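Heads up: the structure comes next, in structure tokens.
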Protein chains: 2
Amino acid sequence: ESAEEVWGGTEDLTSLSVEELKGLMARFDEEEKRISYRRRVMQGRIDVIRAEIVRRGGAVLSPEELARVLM
Amino acid sequence: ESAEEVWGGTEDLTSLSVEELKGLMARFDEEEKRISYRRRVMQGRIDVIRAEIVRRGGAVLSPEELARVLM
Ligand SMILES: [Mg+2]
Ligand SMILES: [Mg+2]
């Protein structure tokens with residue numbers, strides 16, 4: 001019923017009607033956008049945090065640890 | 001106790017210890033990675049559906065409706 005279920009319960013792409021594919025695309029395009037928003041929020045948080053740590057002198061964290069988020 | 005709450009509840013960035021800074025960066029970084037993976041999955045699906053629709057033709061949709069996902 002949900003896009004996920006329909007998509008998942010399909011073994012053959014060609015069995016899907018155009019109405020289905022249209023509906024699925026819109027659904028996934030919608031989600032993709034909601035997911036990207038979430039990514040950007042995470043990136044912002046990571047961003048603010050890395051600047052705060054750098055502001056304090058980097059602690060004793062090497063530049064590469066800061067850039068790779070190894071901790 | 002969850003990162004979501006410690007972070008949502010912080011008024012002043014400078015009030016956060018360095019220990020908790022590192023914890024939050026670590027949590028959000030991994031979250032960022034998981035979210036990016038889903039994005040990529042969605043894009044993979046939109047890609048598969050868009051190819052399928054193109055393959056069939058039928059002028060069901062105009063090039064700009066396929067491209068902007070205007071159903
Ligand atoms: Mg920055
Ligand atoms: Mg393709």
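All residue names refer to the structure tokens as shown: chains lettered A, B, ... in order, residues numbered from 1 in each chain, ligands numbered from 1 in order.
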Problem - Site check for ligand 2: residues at most 7 Å away, only C-alpha atoms and all ligand atoms, as a PyMOL selection string - result: chain B and resi 47-48+51
Once you count only C-alpha atoms and all ligand atoms, which residues end up within 10 Å of ligand 1, and could you hand them over as a PDB file with C-alpha atoms, in the first residue's frame?
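Below is the file pocket21.pdb, written as the result:
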ATOM      1  CA  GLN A  43      26.058  18.625   8.421  1.00  0.00           C
ATOM      2  CA  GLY A  44      25.246  21.922  10.092  1.00  0.00           C
ATOM      3  CA  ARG A  45      25.529  20.343  13.565  1.00  0.00           C
ATOM      4  CA  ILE A  46      28.828  18.690  12.714  1.00  0.00           C
ATOM      5  CA  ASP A  47      29.885  22.039  11.303  1.00  0.00           C
ATOM      6  CA  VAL A  48      29.083  24.102  14.381  1.00  0.00           C
ATOM      7  CA  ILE A  49      30.747  21.527  16.630  1.00  0.00           C
ATOM      8  CA  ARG A  50      34.008  21.343  14.646  1.00  0.00           C
ATOM      9  CA  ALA A  51      34.241  25.149  14.770  1.00  0.00           C
ATOM     10  CA  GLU A  52      33.686  25.226  18.544  1.00  0.00           C
ATOM     11  CA  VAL A  54      38.782  24.582  16.785  1.00  0.00           C
TER      12      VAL A  54
END
Up to 7 Å from chain B, what residues of chain A turn up? Count only C-alpha atoms and give them as an mmCIF file with C-alpha atoms, in the first residue's frame.
data_model
loop_
_atom_site.group_PDB
_atom_site.id
_atom_site.type_symbol
_atom_site.label_atom_id
_atom_site.label_comp_id
_atom_site.auth_asym_id
_atom_site.auth_seq_id
_atom_site.Cartn_x
_atom_site.Cartn_y
_atom_site.Cartn_z
ATOM 1 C CA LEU A 21 5.598 4.014 -11.541
ATOM 2 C CA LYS A 22 4.324 7.609 -11.610
ATOM 3 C CA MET A 25 8.431 8.260 -8.367
ATOM 4 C CA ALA A 26 6.514 11.105 -6.732
ATOM 5 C CA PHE A 28 10.350 8.641 -3.540
ATOM 6 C CA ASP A 29 11.144 12.089 -4.867
ATOM 7 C CA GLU A 32 14.488 12.076 -1.093
ATOM 8 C CA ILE A 35 16.007 13.033 3.623
ATOM 9 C CA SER A 36 18.257 15.712 2.110
ATOM 10 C CA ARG A 39 21.403 15.498 5.922
ATOM 11 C CA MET A 42 23.327 16.912 10.490
ATOM 12 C CA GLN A 43 26.058 18.625 8.421
ATOM 13 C CA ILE A 46 28.828 18.690 12.714
ATOM 14 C CA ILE A 49 30.747 21.527 16.630
ATOM 15 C CA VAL A 69 35.899 12.780 12.973
ATOM 16 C CA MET A 71 37.149 9.883 18.131
#
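Between chain A and chain B, which have the same sequence, the C-alpha root-mean-square deviation after superposition works out to 0.9 Å.
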